[PDB]
Structure formats: C-alpha cells, structure tokens
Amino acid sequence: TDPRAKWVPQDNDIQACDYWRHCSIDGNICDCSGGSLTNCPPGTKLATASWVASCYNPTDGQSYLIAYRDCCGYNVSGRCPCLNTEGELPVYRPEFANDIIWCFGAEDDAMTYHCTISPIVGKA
C-alpha cells in the first residue's frame, strides 16, 4: 500500500501482488483469468522462453528460482495486474529484465501478452 516500501512476500494468497512467487512479475496473474499458478488459461499459448528471479519463500525461509512464463496470443487479461521488480535488471541483462514481452517460442507465433505464470525451477 505504500508503493515505495520494501516489498514483503506472503505465502497465503496467490491472487495478491505480494504473493511470494510474484517477486518479479510484470503484467497479470494467470490464475485470475482461468489459468492456475503454473498453467495458462484456455485459448492462450505457453511461451518457451522465460525470465528468472530469486524469490524468498516466507513459508520455509528458502529462496527459489522462479522462471516466469507468459501465456500469449490474447489481449491483456486486465485482472489482477501486478508489477514487482525484486532483483530486476535493465534490458541489457535480459535474463532478469521484465518489461520484455517474453512470448518467444509460443505456438502459432503468438506474441501478445495475456498473463504470466510463476513456476519454481530450482533453489537460488
């Protein structure tokens, strides 16, 4: 609610902008438009590229690598928008940059942004 305060993760609600895995999300949470935490909504196309962040999990004290993926090929969902930038670096370090539309590899050359999923891929 103070936008400039240090971001404080929680592990109790995935539709909120402070949910721990959304620490470098930029866009919309897929769970709010018919996807789930780690699945795209019907009719969208899953990008094969990703972006990474190290997100602290308050449930177990561990930091995990979140390799975000966009679901693509639809206009932006408009539901549960969020923009977090924990660890986020400028475009010249693109593996950590989150303004890029990371829809690369999506089926049917889909390149429009609908929402983002937040799967874990490792520990920091």
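When you see a residue number, it is the position in the sequence shown, counting from 1.
Name the higher of the two by mean Cα B-factor in the PDB entry, 33 to 41 versus 46 to 54.
Taking the mean B-factor of the alpha carbons in each, 46 to 54 is higher.
Quick check on the record: does 9 to 17 or 112 to 120 carry the larger mean Cα temperature factor?
Averaged over C-alpha atoms, the B-factors run higher in 9 to 17.
Divide the modelled residues of the chain into thirds by Cα B-factor and specify which third, lowest, middle or highest, holds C71.
Within its chain, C71 is a lowest-third residue by C-alpha B-factor, going by the deposited values.
Compared with the other modelled residues in the chain, in which third is the CA B-factor of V91?
CA B-factor rank for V91: lowest third.
So where's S77 on the chain's Cα temperature factor ranking, which third?
Lowest third of the chain for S77's C-alpha B-factor.
Test of reading the entry: by CA B factor among the chain's modelled residues, which third contains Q62?
Answer is highest: the recorded C-alpha B-factor places it there.
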